[PDB]
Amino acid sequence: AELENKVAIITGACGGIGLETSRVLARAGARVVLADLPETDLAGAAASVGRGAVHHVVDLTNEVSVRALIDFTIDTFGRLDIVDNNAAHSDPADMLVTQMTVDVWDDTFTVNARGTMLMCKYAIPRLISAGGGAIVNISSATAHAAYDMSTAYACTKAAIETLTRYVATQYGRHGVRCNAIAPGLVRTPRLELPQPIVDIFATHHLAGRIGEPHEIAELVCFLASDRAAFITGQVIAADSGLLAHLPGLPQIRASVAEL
C-alpha cells in the first residue's frame, strides 16, 4: 500500500481530477480528507471514495477557513502527512491582457496563488511534526506556453511553481518535499472549450488524445509517496509531450503524406 497510513488532504475534491485523485490516494492506503467549497456535494464525493474518507469545507480565499481545514484534519486523525493543492479558480472572462480586469485578475490570484500559499503555510508545521511529509501542487502547461485566454490563471500557476521550489528548499531540512504537476488537457466536466478546440489540442498531445483524471492521480500518488523521497522542488509535466515537439507537427505530417 504505497501510502499506507498517511493522512492526505485533497483540495478541489469534487472536481474531475480532485475526485479521482482522492480515490487513487485512498486506494493506496491513505486516509483522505476531501475539501472543497460549501456549495458542492462533498458528502456524496466522500461517500463515493469510501475507505474511511471524510470531508470538510474550505474556502482558499479565507485564511481562517484554510486553517480550520488543517485543524480539522488534526482533530480527526491527529496528524497530517500529505497535501494535494489541486483546487483552482478559473473565471471565464479571463481572456486577453488588454481585456483583463482587476477583479478577474485578483479573484484568480486570491484563490490560486494566495490560497495555495496559505495551505502550505498551515500544512508545513504539521508535516514537520509528523516526521516529514509531501505536498504536491497542481500547476498547468499553460504557465509555460501561452494562448489567447487564461492569462491570469496561467500566471498564478507560474507563482505556484516558484512556491513549490521555496517550500522544497526552506523545509527540506525538516523532511518536507514539494513538487508540482503541469497537466496538459484532461477530460473533465469543467471541459465537457468547444469540441473543435479540444480536437485541435488532442492532435498535439503525442498519445493523440487528451488525458484522463486518473493519469494525473497516479503521478500525485507517486509524488506523495516514499518512493519519491529523492524527488523534490520539481515541476513535472503530465501532458503527453505537448511541449516536447515542434509546433505544426500534425500538419507537417499531413503535408509530407501529400507531397
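One-based numbering along the sequence shown.
In the deposited sequence, the stretch from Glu192 to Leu193 hides 1 to 3 residues that have no coordinates. Relative to one another, 11-19 and 244-252 have unequal mean CA B-factors, and 244-252 is the one with the higher figure. Taking only CA atoms, the mean B-factor in the PDB entry is higher for 141-149 than for the other of 69-77 and 141-149. Which of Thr188, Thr169, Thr110, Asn86 has the largest Cα B-factor in the deposited entry comes down to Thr188. Annotation for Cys178: C-alpha temperature factor in the lowest third relative to the rest of the modelled chain, per the entry. When the CA B factors of the chain's modelled residues are split into thirds, the value for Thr116 lands in the lowest one.
Among the modelled residues of the chain, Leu163 sits in the lowest third by CA temperature factor in this PDB entry.
Per the deposited record, the Cα B-factor of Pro125 falls in the lowest third when ranked against the other modelled residues of its chain.
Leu60 sits in the lowest third of its chain by CA B factor, as recorded in the PDB entry.
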